[PDB]
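**Q** Quick one, structure for this:
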Amino acid sequence: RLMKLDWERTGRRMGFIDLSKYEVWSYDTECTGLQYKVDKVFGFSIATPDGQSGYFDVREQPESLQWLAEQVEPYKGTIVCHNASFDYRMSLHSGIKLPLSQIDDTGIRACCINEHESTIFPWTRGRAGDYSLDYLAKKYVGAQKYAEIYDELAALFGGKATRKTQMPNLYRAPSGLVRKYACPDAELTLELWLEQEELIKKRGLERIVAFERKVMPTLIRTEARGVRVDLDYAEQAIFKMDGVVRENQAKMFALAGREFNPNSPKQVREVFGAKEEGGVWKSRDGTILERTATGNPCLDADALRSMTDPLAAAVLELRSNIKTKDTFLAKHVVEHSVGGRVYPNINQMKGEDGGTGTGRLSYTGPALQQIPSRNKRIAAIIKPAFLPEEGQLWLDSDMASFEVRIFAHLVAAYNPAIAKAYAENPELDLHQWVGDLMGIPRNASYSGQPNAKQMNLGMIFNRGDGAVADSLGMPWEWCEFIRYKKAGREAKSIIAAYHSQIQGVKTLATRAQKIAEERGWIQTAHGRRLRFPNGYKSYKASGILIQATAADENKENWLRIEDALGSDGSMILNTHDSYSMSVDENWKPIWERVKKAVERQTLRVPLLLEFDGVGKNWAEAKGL
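**A** Numbering: from 1, shown residues only. For reference, the structure is listed below:
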């Protein structure tokens, strides 16, 4: 069906062939489940660039691990998996040592090539699209697994005849069936990797593709190491969250005037006062609600966040703390822990919000980035559950004012004063440095008082003049066009005065949006391509550049820390702009090496790593 190889003629029967005769080959594991350090590999499959492919049940045929180890020890070429982290770790636990610097990831390559596989544009047709192998193979090589195996599986086990339903069953099926399932997987993976070479070659993505490949071993190593936990405390924390939830509930019933079930869509419509008029749905705080497909007024999380109603923040707070007690604590740290540690997965390309279009990484199971930062009470309940390595101390540090320095550096191209200001005072606070020039304060003391922080943050998130006015408490009002926030007379004066005292901020926004509209994309200095199909949301161009450049330099941090610790320690984790490390008891020499290895002046403004504290666990290092 228009493919390089014809796998049905040549494949599915490969044996202990010689793999050194290839520059690339495919690899795919089948495991008893998904839990690292618990489930084990039960078989695997490999495809070769000359039409061969094979599957081996390691239980029935243990001669194939010996051949594998033999093939892999001299092998100098590229190994391809779709999920390099999963395949390499499940193998490692099962005693299959692959050379990690030689593994490649079809899904990370897919993100470098188009970050919007799941983005819903105003013109899309169907369901989302994603980074699964089935979907990327269909879209890029036009290939697809035959549905006959899923039917055979369902006839054996029961459920829907789908990959999602039948994967948990594969180690229970006869190996000739898993051979029909697993061989095309390695075939489609190698054909995907082959077609990505062309697209990466034709589109000049060699730099960002190489960068993420350089990053990958440092995250799989970290992923495989895990974080040590204190489970005896963790059970105590679930009793503390109990009280925190009971309070969240009381505060929420108070704001509604009654008790109710936040899980009943009807009662949540009642407490927020959702009324319809002339085709429009409003909630009691005046917010205009969109409709659900079912025609109901939509009160999802995106809508709650857009309200000023305190009841919205209360609902979201209660949902969040329930998820922290039940999913974060009970399930991921207490239940699924293994020998006193937890092993979350690190998504190298998907950020904390599920967005793919920025270099951001993010944890799952437990989601360590989802411990709050503006509620020190919750962090103080959770963070004592996380421990350094046995014998070591917990060192916490912070990239100070990270995303603002990235901003300063991009606009520093069009303003040498910003570069010189940070040169004299490397610890300069950009907000205070702008307030000190406009004659306005860094922060608000009174409502309606203009401040530098809110100004600076409205340039960072490309924000219209009314959005800026609103964040300041300055007069504004709604207007048709269809609906938008029109800035008042007093707000357009400070925004204009802002762009006169701070030259270059407007040039950042405009050149970024322009190039996004002409050429179709812009790029970080590491070469991450940020794409704006049909100029969609192109006015956001400069802000997204900041998130991406700051995510580039964050992956640059892991590389530099992991190297600087060496044998003296290990990076525990990274949340937001913070970096935790397990270090030896003589910690000051180790810390000063990490600090000089990370702190750099290779951008237009310095990057600083500021010490945060040391302790016997995560909370104590932070001072809680």
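
**Q** secondary structure class for residue 128?
**A** Put simply, residue 128 is coil when judged by DSSP: H, G, I helix; E, B strand; the rest coil.

**Q** what does residue 409 give?
**A** Here residue 409 is helix, with the state taken from three-state DSSP.

**Q** count of neighbours near it?
**A** Look at residue 409: counted by other Cβ atoms under 10 Å, it has 22 neighbours. The way it works is simple: take the backbone N, C-alpha and C, and place the C-beta from them, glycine included.

**Q** How about the contacts made by the closest residue to residue 547 other than its chain neighbours?
**A** Among residues not flanking residue 547 along the chain, residue 358 sits closest, at 4.5 Å (Cβ to Cβ, 6 or more residues apart in numbering). Contacts for residue 358 were tallied using Cβ atoms under 8 Å, 6 or more residues apart in numbering; they are 115, 351, 530, 544, 547-548, 551.

**Q** of those, closest to residue 196?
**A** Using Cβ to Cβ, residue 115 comes nearest to residue 196 of the contacts of residue 358, at 14.3 Å.

**Q** wait, what's in contact with the residue lying closest to that closest one once chain neighbours are set aside?
**A** Counting by Cβ to Cβ, 6+ apart, residue 115 lies nearest to residue 357, which is 3.9 Å off, once chain neighbours are set aside. Taking Cβ under 8 Å, 6+ apart, we find residue 357 in contact with 115-116, 119, 530-531, 544.

**Q** By residue count, which helix of the chain is the longest?
**A** If you go by DSSP state H, the chain has its longest helix at helix 175-203.

**Q** how far does that helix sit from the chain's center?
**A** 25 Å (Cα atoms, centre = their mean, to the nearest Å).

**Q** after that helix, next one along is what?
**A** Reading on from helix 175-203 to the C-terminus, the next helix or strand found by DSSP states H and E is helix 206-225.

**Q** all strands in the stretch 201-350 of the chain, in order from the N-terminus.
**A** Remark: strands assigned in the stretch 201-350 of the chain by DSSP state E, counting those that start in this stretch are 227-229, 275-277, 280-282, 288-289, 341-342, 345-347.

**Q** closest one to residue 63 among these?
**A** That would be strand 345-347 among the strands of the stretch 201-350 of the chain, by Cβ to Cβ, at 32.1 Å.

**Q** what's the closest one packed up against?
**A** helix 206-225, strand 362-364 (3 or more Cβ pairs under 8 Å, 6 or more residues apart in numbering; DSSP states H and E).

**Q** Put together CSV for the ones you listed, with mean neighbour count and distance to residue 503 on each row.
**A** As requested, these are arranged in CSV below (neighbours: other Cβ atoms under 10 Å; distance: least, Cβ to Cβ, whole Å):
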stretch, mean neighbour count, distance to residue 503
helix 206-225, 18, 31
strand 362-364, 18, 36
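
**Q** Redo those as JSON lines? Include distance to residue 347.
**A** Output for these, formatted as JSON lines (distance: least, Cβ to Cβ, whole Å):
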{"stretch": "helix 206-225", "distance to residue 347": "9"}
{"stretch": "strand 362-364", "distance to residue 347": "5"}
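
**Q** Quick one: neighbours of residue 55, just the number.
**A** Neighbour tally, residue 55, other Cβ under 10 Å: 26.

**Q** beta partners of it?
**A** residue 45 (DSSP bridges).

**Q** my read: it touches residue 43, true?
**A** Yes - counting by Cβ atoms under 8 Å, residue 55 does reach residue 43; the two are 6.3 Å apart.

**Q** can you list residues touching both of these two?
**A** 175, 178, 182.

**Q** circling back to that earlier point, which of the strands of the stretch 201-350 of the chain sits most buried?
**A** strand 227-229 (a mean of 22; mean count of other Cβ atoms under 10 Å).
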